[PDB]
file upload10.cif (mmCIF, N, CA and C atoms)
data_data
#
loop_
_atom_site.label_atom_id
_atom_site.label_comp_id
_atom_site.auth_asym_id
_atom_site.auth_seq_id
_atom_site.Cartn_x
_atom_site.Cartn_y
_atom_site.Cartn_z
N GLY V 1 63.93 33.97 -68.70
CA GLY V 1 64.37 33.53 -67.39
C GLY V 1 63.92 32.12 -67.07
N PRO V 2 64.27 31.64 -65.86
CA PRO V 2 63.91 30.30 -65.41
C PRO V 2 62.42 30.16 -65.13
N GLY V 3 61.98 28.92 -64.92
CA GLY V 3 60.57 28.67 -64.65
C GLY V 3 60.23 28.83 -63.18
N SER V 4 58.97 28.56 -62.84
CA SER V 4 58.52 28.68 -61.46
C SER V 4 57.23 27.89 -61.25
N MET V 5 57.28 26.92 -60.35
CA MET V 5 56.11 26.09 -60.05
C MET V 5 55.91 25.96 -58.54
N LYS V 6 54.67 26.13 -58.10
CA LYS V 6 54.35 26.03 -56.68
C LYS V 6 53.96 24.60 -56.31
N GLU V 7 53.68 24.39 -55.03
CA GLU V 7 53.30 23.06 -54.55
C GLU V 7 52.10 23.15 -53.61
N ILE V 8 51.25 22.13 -53.64
CA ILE V 8 50.07 22.09 -52.79
C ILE V 8 50.26 21.14 -51.62
N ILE V 9 49.82 21.57 -50.44
CA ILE V 9 49.94 20.75 -49.24
C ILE V 9 48.62 20.68 -48.48
N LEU V 10 48.16 19.47 -48.20
CA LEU V 10 46.91 19.27 -47.48
C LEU V 10 47.18 18.80 -46.05
N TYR V 11 46.61 19.51 -45.08
CA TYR V 11 46.78 19.17 -43.68
C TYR V 11 45.52 18.52 -43.11
N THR V 12 45.58 17.22 -42.88
CA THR V 12 44.45 16.48 -42.34
C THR V 12 44.78 15.00 -42.16
N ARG V 13 43.81 14.23 -41.69
CA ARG V 13 44.00 12.80 -41.47
C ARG V 13 43.69 12.01 -42.74
N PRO V 14 44.23 10.79 -42.82
CA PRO V 14 44.02 9.91 -43.98
C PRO V 14 42.59 9.39 -44.06
N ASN V 15 41.81 9.65 -43.02
CA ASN V 15 40.42 9.21 -42.97
C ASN V 15 39.47 10.36 -43.32
N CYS V 16 39.70 10.97 -44.48
CA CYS V 16 38.87 12.08 -44.93
C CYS V 16 38.10 11.71 -46.20
N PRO V 17 36.83 11.31 -46.02
CA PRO V 17 35.97 10.92 -47.14
C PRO V 17 35.58 12.11 -48.02
N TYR V 18 35.96 13.30 -47.59
CA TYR V 18 35.66 14.52 -48.33
C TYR V 18 36.89 15.03 -49.07
N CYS V 19 38.04 14.97 -48.41
CA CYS V 19 39.29 15.42 -49.00
C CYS V 19 39.55 14.72 -50.33
N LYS V 20 38.95 13.55 -50.50
CA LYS V 20 39.11 12.78 -51.73
C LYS V 20 38.89 13.66 -52.96
N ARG V 21 38.00 14.64 -52.83
CA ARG V 21 37.70 15.55 -53.93
C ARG V 21 38.91 16.41 -54.27
N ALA V 22 39.54 16.97 -53.24
CA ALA V 22 40.71 17.82 -53.43
C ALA V 22 41.85 17.04 -54.06
N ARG V 23 42.21 15.92 -53.44
CA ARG V 23 43.30 15.08 -53.94
C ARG V 23 42.99 14.58 -55.35
N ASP V 24 41.72 14.29 -55.60
CA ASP V 24 41.30 13.81 -56.91
C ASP V 24 41.55 14.86 -57.99
N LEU V 25 41.13 16.09 -57.72
CA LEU V 25 41.31 17.18 -58.67
C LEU V 25 42.79 17.41 -58.96
N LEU V 26 43.59 17.46 -57.90
CA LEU V 26 45.03 17.67 -58.04
C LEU V 26 45.65 16.61 -58.94
N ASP V 27 45.49 15.35 -58.57
CA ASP V 27 46.03 14.25 -59.35
C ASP V 27 45.47 14.26 -60.77
N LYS V 28 44.24 14.73 -60.91
CA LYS V 28 43.59 14.79 -62.21
C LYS V 28 44.27 15.82 -63.11
N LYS V 29 44.65 16.95 -62.53
CA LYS V 29 45.32 18.01 -63.27
C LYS V 29 46.75 17.61 -63.63
N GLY V 30 47.37 16.82 -62.77
CA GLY V 30 48.73 16.37 -63.01
C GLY V 30 49.74 17.11 -62.17
N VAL V 31 49.46 17.24 -60.87
CA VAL V 31 50.35 17.93 -59.95
C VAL V 31 50.76 17.02 -58.80
N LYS V 32 51.67 17.51 -57.96
CA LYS V 32 52.15 16.74 -56.82
C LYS V 32 51.66 17.35 -55.51
N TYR V 33 50.76 16.64 -54.84
CA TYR V 33 50.21 17.11 -53.57
C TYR V 33 50.84 16.38 -52.39
N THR V 34 51.15 17.12 -51.33
CA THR V 34 51.75 16.54 -50.14
C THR V 34 50.72 16.32 -49.05
N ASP V 35 50.52 15.07 -48.66
CA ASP V 35 49.55 14.73 -47.62
C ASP V 35 50.20 14.82 -46.24
N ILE V 36 49.76 15.80 -45.45
CA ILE V 36 50.30 15.99 -44.11
C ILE V 36 49.38 15.36 -43.06
N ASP V 37 49.94 14.44 -42.28
CA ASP V 37 49.17 13.77 -41.24
C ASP V 37 48.60 14.77 -40.24
N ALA V 38 47.39 14.50 -39.76
CA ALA V 38 46.74 15.38 -38.81
C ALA V 38 47.59 15.57 -37.56
N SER V 39 48.52 14.65 -37.34
CA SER V 39 49.40 14.71 -36.18
C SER V 39 50.03 16.09 -36.05
N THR V 40 49.56 16.87 -35.08
CA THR V 40 50.08 18.21 -34.85
C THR V 40 51.59 18.19 -34.64
N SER V 41 52.10 17.05 -34.19
CA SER V 41 53.53 16.90 -33.93
C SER V 41 54.34 17.35 -35.15
N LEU V 42 53.78 17.17 -36.33
CA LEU V 42 54.45 17.55 -37.57
C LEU V 42 53.60 18.55 -38.36
N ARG V 43 52.29 18.45 -38.21
CA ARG V 43 51.37 19.34 -38.91
C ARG V 43 51.45 20.76 -38.35
N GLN V 44 51.48 20.86 -37.02
CA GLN V 44 51.56 22.16 -36.36
C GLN V 44 52.83 22.90 -36.77
N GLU V 45 53.95 22.19 -36.76
CA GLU V 45 55.23 22.79 -37.13
C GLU V 45 55.26 23.13 -38.61
N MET V 46 54.74 22.23 -39.44
CA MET V 46 54.70 22.45 -40.88
C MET V 46 53.84 23.65 -41.23
N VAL V 47 52.61 23.66 -40.73
CA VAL V 47 51.68 24.75 -40.99
C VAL V 47 52.19 26.06 -40.39
N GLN V 48 52.86 25.96 -39.25
CA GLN V 48 53.40 27.13 -38.58
C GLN V 48 54.45 27.82 -39.44
N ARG V 49 55.40 27.05 -39.95
CA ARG V 49 56.46 27.58 -40.80
C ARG V 49 55.98 27.75 -42.23
N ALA V 50 54.81 27.19 -42.53
CA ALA V 50 54.24 27.28 -43.87
C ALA V 50 53.57 28.63 -44.09
N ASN V 51 52.84 29.10 -43.08
CA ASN V 51 52.15 30.38 -43.17
C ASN V 51 52.74 31.39 -42.19
N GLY V 52 53.11 30.91 -41.01
CA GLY V 52 53.69 31.78 -40.00
C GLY V 52 53.19 31.46 -38.61
N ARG V 53 51.92 31.07 -38.51
CA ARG V 53 51.32 30.75 -37.22
C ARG V 53 49.95 30.10 -37.41
N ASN V 54 49.85 28.82 -37.05
CA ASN V 54 48.60 28.09 -37.18
C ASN V 54 48.72 26.70 -36.57
N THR V 55 47.59 26.15 -36.12
CA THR V 55 47.57 24.83 -35.52
C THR V 55 46.21 24.16 -35.69
N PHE V 56 45.74 24.10 -36.93
CA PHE V 56 44.45 23.49 -37.24
C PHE V 56 44.45 22.88 -38.64
N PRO V 57 43.54 21.93 -38.86
CA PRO V 57 43.41 21.24 -40.16
C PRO V 57 42.86 22.16 -41.24
N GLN V 58 43.42 22.05 -42.45
CA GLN V 58 42.98 22.87 -43.57
C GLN V 58 43.75 22.50 -44.84
N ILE V 59 43.37 23.12 -45.95
CA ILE V 59 44.02 22.86 -47.23
C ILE V 59 44.98 23.99 -47.60
N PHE V 60 46.27 23.68 -47.61
CA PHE V 60 47.29 24.67 -47.95
C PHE V 60 47.65 24.59 -49.43
N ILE V 61 47.86 25.75 -50.05
CA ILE V 61 48.22 25.80 -51.46
C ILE V 61 49.26 26.89 -51.72
N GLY V 62 50.46 26.47 -52.10
CA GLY V 62 51.52 27.42 -52.38
C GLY V 62 51.86 28.28 -51.18
N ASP V 63 51.29 29.48 -51.13
CA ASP V 63 51.53 30.41 -50.03
C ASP V 63 50.21 30.93 -49.46
N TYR V 64 49.17 30.10 -49.53
CA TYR V 64 47.86 30.48 -49.03
C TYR V 64 47.16 29.29 -48.38
N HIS V 65 46.36 29.57 -47.35
CA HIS V 65 45.63 28.52 -46.65
C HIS V 65 44.13 28.63 -46.90
N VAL V 66 43.61 27.74 -47.74
CA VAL V 66 42.19 27.73 -48.07
C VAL V 66 41.34 27.46 -46.83
N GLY V 67 41.34 26.21 -46.39
CA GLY V 67 40.57 25.83 -45.22
C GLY V 67 39.73 24.59 -45.45
N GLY V 68 38.64 24.74 -46.19
CA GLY V 68 37.77 23.62 -46.47
C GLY V 68 38.08 22.96 -47.80
N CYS V 69 37.63 21.72 -47.96
CA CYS V 69 37.87 20.97 -49.19
C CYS V 69 37.05 21.54 -50.34
N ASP V 70 35.73 21.53 -50.18
CA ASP V 70 34.83 22.05 -51.21
C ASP V 70 35.19 23.49 -51.57
N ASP V 71 35.80 24.19 -50.62
CA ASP V 71 36.19 25.58 -50.84
C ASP V 71 37.01 25.72 -52.12
N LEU V 72 38.05 24.90 -52.24
CA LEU V 72 38.91 24.93 -53.42
C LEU V 72 38.11 24.70 -54.69
N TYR V 73 37.11 23.83 -54.60
CA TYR V 73 36.26 23.52 -55.75
C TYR V 73 35.41 24.72 -56.14
N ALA V 74 34.68 25.26 -55.16
CA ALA V 74 33.82 26.41 -55.40
C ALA V 74 34.61 27.57 -56.01
N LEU V 75 35.71 27.94 -55.36
CA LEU V 75 36.55 29.03 -55.84
C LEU V 75 37.06 28.74 -57.24
N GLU V 76 37.59 27.54 -57.45
CA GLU V 76 38.11 27.14 -58.75
C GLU V 76 37.05 27.28 -59.83
N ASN V 77 35.80 27.02 -59.46
CA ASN V 77 34.69 27.12 -60.40
C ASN V 77 34.18 28.55 -60.50
N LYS V 78 34.47 29.35 -59.48
CA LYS V 78 34.05 30.74 -59.45
C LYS V 78 34.99 31.61 -60.29
N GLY V 79 36.20 31.12 -60.50
CA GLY V 79 37.17 31.87 -61.29
C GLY V 79 38.55 31.87 -60.65
N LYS V 80 38.66 31.27 -59.47
CA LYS V 80 39.93 31.21 -58.76
C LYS V 80 40.78 30.04 -59.25
N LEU V 81 40.29 29.35 -60.28
CA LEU V 81 41.00 28.21 -60.85
C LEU V 81 42.44 28.59 -61.18
N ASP V 82 42.62 29.78 -61.74
CA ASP V 82 43.95 30.26 -62.11
C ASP V 82 44.90 30.18 -60.92
N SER V 83 44.44 30.67 -59.77
CA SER V 83 45.26 30.67 -58.56
C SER V 83 45.51 29.24 -58.08
N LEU V 84 44.44 28.46 -57.97
CA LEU V 84 44.54 27.08 -57.52
C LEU V 84 45.53 26.30 -58.38
N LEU V 85 45.34 26.36 -59.70
CA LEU V 85 46.22 25.66 -60.63
C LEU V 85 47.65 26.19 -60.53
N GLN V 86 47.77 27.51 -60.38
CA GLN V 86 49.08 28.14 -60.28
C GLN V 86 49.77 27.75 -58.97
N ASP V 87 48.98 27.39 -57.97
CA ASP V 87 49.51 26.99 -56.68
C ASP V 87 49.88 25.51 -56.67
N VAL V 88 48.96 24.68 -57.13
CA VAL V 88 49.18 23.24 -57.18
C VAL V 88 50.24 22.88 -58.22
N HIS V 89 50.37 23.73 -59.23
CA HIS V 89 51.35 23.51 -60.29
C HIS V 89 52.74 23.26 -59.71
#
call {"tool": "encode", "arguments": {"input": "upload10.cif", "output": "structure tokens"}}
result
Amino acid sequence: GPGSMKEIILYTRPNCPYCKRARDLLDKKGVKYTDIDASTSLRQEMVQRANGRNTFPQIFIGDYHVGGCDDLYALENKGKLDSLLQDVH
């Protein structure tokens, strides 16, 4: 059958000295991450239709909302790498 690849979306402002880790890992693996401006005007609607209902900053991946930046790292190192990679893929 055909293939299947998910996409990663980060919801936050461009002034995130921590998010650099998340974006770094993604680009390092070789995936396409979408940077969503903190502006709720578009973030609220995006995150709302992305998960179903939400209006706060966090790290979205495929069909799941992580939350914190380091979170993705810890989980990925804990064994959730498969999911993260499968989502960012």
call {"tool": "residues_around", "arguments": {"input": "upload10.cif", "residues": "segment 64-78 of chain V", "least_positions_apart": "6", "cutoff": "7 Å", "atoms": "only C-alpha atoms", "output": "PyMOL selection string"}}
result
chain V and resi 18-19+22+58+84
call {"tool": "atom_distance", "arguments": {"input": "upload10.cif", "atom1": "atom CA of residue 83 of chain V", "atom2": "atom CA of residue 6 of chain V"}}
result
10.4 Å
call {"tool": "select_by_dssp", "arguments": {"input": "upload10.cif", "residues": "segment 25-68 of chain V", "states": "helix (DSSP H, G or I)", "output": "number ranges by chain"}}
result
V: 25-29, 40-51
call {"tool": "closest_residue", "arguments": {"input": "upload10.cif", "among": "V:81, V:61, V:12, V:52", "to": "residue 38 of chain V", "atoms": "only C-alpha atoms"}}
result
V:12
call {"tool": "closest_residue", "arguments": {"input": "upload10.cif", "among": "V:82, V:8, V:13, V:1", "to": "residue 56 of chain V", "atoms": "only C-alpha atoms"}}
result
V:13
call {"tool": "resolve_selection", "arguments": {"input": "upload10.cif", "expression": "the PyMOL selection byres ((chain V and resi 14) around 8)", "output": "ChimeraX atom specification"}}
result
/V:11-13,15-17,35-39
call {"tool": "atom_distance", "arguments": {"input": "upload10.cif", "atom1": "atom N of residue 20 of chain V", "atom2": "atom CA of residue 4 of chain V"}}
result
27.1 Å
call {"tool": "axis_aligned_box", "arguments": {"input": "upload10.cif", "around": "segment 22-34 of chain V", "padding_each_side": "5 Å", "output": "JSON"}}
result
{"center_x": 45.8, "center_y": 15.9, "center_z": -56.3, "size_x": 22.6, "size_y": 14.2, "size_z": 24.6}
